[PDB]
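# Breakdown of the fold
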Amino acid sequence: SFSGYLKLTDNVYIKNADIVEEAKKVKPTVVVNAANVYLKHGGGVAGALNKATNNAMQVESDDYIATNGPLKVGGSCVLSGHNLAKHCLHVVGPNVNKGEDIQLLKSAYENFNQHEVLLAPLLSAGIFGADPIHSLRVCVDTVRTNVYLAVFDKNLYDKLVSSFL
Ligand SMILES: Cc1ccc(NC(=O)N[C@@H](C)CO)cc1F
């Protein structure tokens, strides 16, 4: 199971780890992808997860979009986890670098409540432009299921733990 995580609350855990390497190691039931509405996994966590699947995640995602159209900001879809997990929950957090409503971050985290346990990144953090301290606070105040957060950046991980209320 998950190892080396610092317990933040009853159900939220955090670790300074590469989510791709964490997924390959644990093979969780659900790995969360920091997706965009088009499921175009170009950069950040999405680009890294997709590259780990040898682009199989992108091929599956393009078929999903061709059939269903784009996701909503704050929404999600469950697709295969390929070589990383049983499932990948593609969750769209608001991208503040694309001028999207930061109030949609709570709606994005609510998708996690449909899964008993998840390996996840901080939504809207990194290249999505939101304050990761704010993302962690929304995560702890919204998610009720067991979430194991992987934070790639050591310096950000330290800042998140040291500032956690
Ligand atoms: C935000 C973020 C987090 C983790 C990674 N990790 C990654 O690409 N790891 C490779 C070496 C795994 O094969 C990239 C990212 F952009």
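Residues numbered from 1 in each chain as written, not as in the entry; some residues may be left out. Heavy atoms only, no water.

Structure determination for this entry is recorded as X-ray crystallography, at 1.0900 Å resolution.

Under the PDB entry, the name given to the protein chain is Non-structural protein 3, and the source organism is Severe acute respiratory syndrome coronavirus 2.

### Considerations on the environment of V12
Rule in force here: Comment: elements are numbered from the N terminus, with helices defined as DSSP H or I runs of at least four residues and strands as E runs of at least two. Contact criterion: two residues are considered in contact whenever any of their non-hydrogen atoms come within 4.5 Å of each other.
Secondary-structure assignment places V12 in strand β2 (residues 12-16). Sequence separation of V12 and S76 is 64 residues, and the distance between their C-alpha atoms is 20 Å. The residues contacting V12, other than those within four sequence positions of it, are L6, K7, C139, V140, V147 and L149.

### A short note on the pattern of salt bridges
Test applied: The salt bridge criterion pairs a side-chain nitrogen of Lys or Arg with a carboxyl oxygen of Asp or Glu, the two atoms within 4 Å. Only protein chains enter the accessibility calculation, which uses a 1.4 Å probe; a residue is then buried when its area is under 20% of its type maximum, exposed when over 50%, and partly exposed in between.
For the structure on display, the rule yields 4 salt bridges. Note that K15 is salt-bridged to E22, the shortest N-O span being 3.0 Å. The pair formed by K15 and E22 is uniform in burial state, with each residue classed as buried.

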